[PDB]
Amino acid sequence: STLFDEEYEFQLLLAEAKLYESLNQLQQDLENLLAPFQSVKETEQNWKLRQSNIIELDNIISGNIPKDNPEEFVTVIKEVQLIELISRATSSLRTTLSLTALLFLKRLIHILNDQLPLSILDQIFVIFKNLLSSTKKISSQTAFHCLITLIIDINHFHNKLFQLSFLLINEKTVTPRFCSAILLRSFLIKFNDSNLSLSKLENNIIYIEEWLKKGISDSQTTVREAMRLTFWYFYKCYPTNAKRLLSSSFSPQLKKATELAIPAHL
């Protein structure tokens, strides 16, 4: 079997983050739906049309062409600059429009998943991660959920996405740092040598160790608690390295607290 039971672990991760006749005709329809997004300025006069048009775009990605021909569909959404234009709505101060756009991107990730080039996954990850720092609670929490779902949906290991996740540990507001402890856990679950077969992480252990040390000594109690639990996932993947952190790198304070955070199934 695999080191981790992904079916079980994913349900836990998600609980941390509660919520055409031709391709040319498709492209023309996309260009017409994106027209109200072409202006930088959201106005009283275009925000409802932007929201309504995202609903129609969501209907389009549920269609047969993205299911049957994701590769050429990806070429189309690149050419019409779908992600950049959708980012004008994720940045809206209007809650319903920003949330509608975030859920659209979540559904796009789900449906196209590993058919998306890294450049587009990177684009979407940055939109999500930056909203983790929103002072608006429903925004950061929705972005958190979308990021966890992204990691579950994307089955290829990308160093770029691991580094974007890692560097959240340096953000000043608590939520990205807390999210980062869950993201690290997700990477350990899915992409350790055992789970991946059914090395990606070996060369990233230096970052993992810094990531753990920072979170476990975080000023915020929720980040410390989350990172102490993630430490035991690291211990399950690389016990020699984790033991060295526990004895050769932690104070007796953080050591005892970390030892009391073992989950009952690991």
# chains A, B, ... in the order shown; residues from 1 in each chain; ligands from 1
>>> residues_around(residues="residue A:22", least_positions_apart="2", cutoff="12 Å", atoms="only C-alpha atoms", output="MDAnalysis selection string")
chainID A and resid 20 24:29 64:65 69 72:73 76
>>> write_last_selection(atoms="N, CA, C and O atoms", output="PDB file, in the first residue's frame")
ATOM      1  N   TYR A  20     -21.280  23.423 -29.596  1.00  0.00           N
ATOM      2  CA  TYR A  20     -20.454  24.213 -30.507  1.00  0.00           C
ATOM      3  C   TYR A  20     -20.151  23.461 -31.797  1.00  0.00           C
ATOM      4  O   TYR A  20     -19.894  22.259 -31.783  1.00  0.00           O
ATOM      5  N   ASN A  24     -13.391  27.459 -33.130  1.00  0.00           N
ATOM      6  CA  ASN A  24     -13.443  28.881 -33.441  1.00  0.00           C
ATOM      7  C   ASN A  24     -14.735  29.509 -32.942  1.00  0.00           C
ATOM      8  O   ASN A  24     -14.742  30.661 -32.501  1.00  0.00           O
ATOM      9  N   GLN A  25     -15.841  28.769 -33.000  1.00  0.00           N
ATOM     10  CA  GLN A  25     -17.090  29.297 -32.453  1.00  0.00           C
ATOM     11  C   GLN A  25     -17.012  29.401 -30.933  1.00  0.00           C
ATOM     12  O   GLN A  25     -17.520  30.358 -30.337  1.00  0.00           O
ATOM     13  N   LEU A  26     -16.387  28.416 -30.294  1.00  0.00           N
ATOM     14  CA  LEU A  26     -16.142  28.504 -28.860  1.00  0.00           C
ATOM     15  C   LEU A  26     -15.311  29.742 -28.533  1.00  0.00           C
ATOM     16  O   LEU A  26     -15.652  30.517 -27.634  1.00  0.00           O
ATOM     17  N   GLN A  27     -14.223  29.954 -29.269  1.00  0.00           N
ATOM     18  CA  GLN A  27     -13.345  31.083 -28.978  1.00  0.00           C
ATOM     19  C   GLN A  27     -14.076  32.406 -29.138  1.00  0.00           C
ATOM     20  O   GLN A  27     -13.896  33.327 -28.332  1.00  0.00           O
ATOM     21  N   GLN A  28     -14.905  32.526 -30.176  1.00  0.00           N
ATOM     22  CA  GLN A  28     -15.691  33.743 -30.348  1.00  0.00           C
ATOM     23  C   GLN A  28     -16.643  33.953 -29.178  1.00  0.00           C
ATOM     24  O   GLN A  28     -16.812  35.078 -28.699  1.00  0.00           O
ATOM     25  N   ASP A  29     -17.285  32.885 -28.715  1.00  0.00           N
ATOM     26  CA  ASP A  29     -18.176  33.012 -27.565  1.00  0.00           C
ATOM     27  C   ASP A  29     -17.410  33.447 -26.322  1.00  0.00           C
ATOM     28  O   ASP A  29     -17.900  34.267 -25.531  1.00  0.00           O
ATOM     29  N   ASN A  64     -18.565  19.691 -23.481  1.00  0.00           N
ATOM     30  CA  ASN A  64     -17.869  18.532 -24.030  1.00  0.00           C
ATOM     31  C   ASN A  64     -16.470  18.886 -24.523  1.00  0.00           C
ATOM     32  O   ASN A  64     -15.535  18.094 -24.361  1.00  0.00           O
ATOM     33  N   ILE A  65     -16.292  20.067 -25.104  1.00  0.00           N
ATOM     34  CA  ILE A  65     -14.986  20.413 -25.676  1.00  0.00           C
ATOM     35  C   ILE A  65     -13.870  20.416 -24.633  1.00  0.00           C
ATOM     36  O   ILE A  65     -12.799  19.846 -24.909  1.00  0.00           O
ATOM     37  N   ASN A  69     -11.300  17.643 -25.547  1.00  0.00           N
ATOM     38  CA  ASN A  69     -10.114  18.229 -26.168  1.00  0.00           C
ATOM     39  C   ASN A  69      -9.530  19.278 -25.236  1.00  0.00           C
ATOM     40  O   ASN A  69      -9.492  20.464 -25.569  1.00  0.00           O
ATOM     41  N   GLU A  72      -6.442  21.519 -26.871  1.00  0.00           N
ATOM     42  CA  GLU A  72      -6.789  22.676 -27.695  1.00  0.00           C
ATOM     43  C   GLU A  72      -7.651  23.681 -26.915  1.00  0.00           C
ATOM     44  O   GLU A  72      -7.588  24.883 -27.189  1.00  0.00           O
ATOM     45  N   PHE A  73      -8.422  23.232 -25.915  1.00  0.00           N
ATOM     46  CA  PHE A  73      -9.152  24.191 -25.081  1.00  0.00           C
ATOM     47  C   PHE A  73      -8.190  25.074 -24.290  1.00  0.00           C
ATOM     48  O   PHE A  73      -8.427  26.280 -24.120  1.00  0.00           O
ATOM     49  N   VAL A  76      -6.993  27.770 -26.385  1.00  0.00           N
ATOM     50  CA  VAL A  76      -7.982  28.827 -26.554  1.00  0.00           C
ATOM     51  C   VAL A  76      -7.980  29.766 -25.346  1.00  0.00           C
ATOM     52  O   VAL A  76      -7.963  30.992 -25.505  1.00  0.00           O
TER      53      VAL A  76
END
>>> closest_atom_pairs(of="stretch 159-239 of chain A", to="stretch 115-131 of chain A", cutoff="8 Å", atoms="only C-alpha atoms", output="Markdown table")
| residue | atom | partner | partner_atom | distance |
| --- | --- | --- | --- | --- |
| A:160 | CA | A:122 | CA | 7.5 |
| A:161 | CA | A:122 | CA | 6.8 |
| A:164 | CA | A:126 | CA | 7.9 |
| A:168 | CA | A:129 | CA | 7.9 |
| A:176 | CA | A:129 | CA | 7.3 |
>>> write_last_selection(atoms="N, CA and C atoms", output="PDB file, in the first residue's frame")
ATOM      1  N   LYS A 160       7.853  24.699  -8.600  1.00  0.00           N
ATOM      2  CA  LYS A 160       7.375  26.074  -8.516  1.00  0.00           C
ATOM      3  C   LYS A 160       6.222  26.200  -7.530  1.00  0.00           C
ATOM      4  N   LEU A 161       5.278  25.253  -7.555  1.00  0.00           N
ATOM      5  CA  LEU A 161       4.132  25.323  -6.652  1.00  0.00           C
ATOM      6  C   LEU A 161       4.520  24.992  -5.219  1.00  0.00           C
ATOM      7  N   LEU A 164       6.088  28.272  -4.040  1.00  0.00           N
ATOM      8  CA  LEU A 164       5.071  29.283  -3.732  1.00  0.00           C
ATOM      9  C   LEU A 164       4.379  28.972  -2.406  1.00  0.00           C
ATOM     10  N   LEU A 168       4.877  31.198   1.545  1.00  0.00           N
ATOM     11  CA  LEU A 168       3.786  31.725   2.362  1.00  0.00           C
ATOM     12  C   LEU A 168       4.155  31.814   3.839  1.00  0.00           C
ATOM     13  N   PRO A 176      -2.128  33.092   5.675  1.00  0.00           N
ATOM     14  CA  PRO A 176      -1.213  32.403   4.742  1.00  0.00           C
ATOM     15  C   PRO A 176      -0.215  31.504   5.445  1.00  0.00           C
TER      16      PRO A 176
END
>>> atom_distance(atom1="atom CA of residue A:114", atom2="atom CA of residue A:184")
19.8 Å
>>> residues_around(residues="residue A:259", least_positions_apart="3", cutoff="12 Å", atoms="only C-alpha atoms", output="JSON, numbers by chain")
{"A": [216, 225, 228, 229, 230, 231, 232, 235, 242, 243, 245, 246, 247, 250, 252, 253, 254, 255, 256, 262, 263]}
>>> atom_distance(atom1="atom CA of residue A:70", atom2="atom CA of residue A:84")
19.0 Å
>>> closest_residue(among="A:37, A:218, A:211, A:59", to="residue A:172", atoms="only C-alpha atoms")
A:218
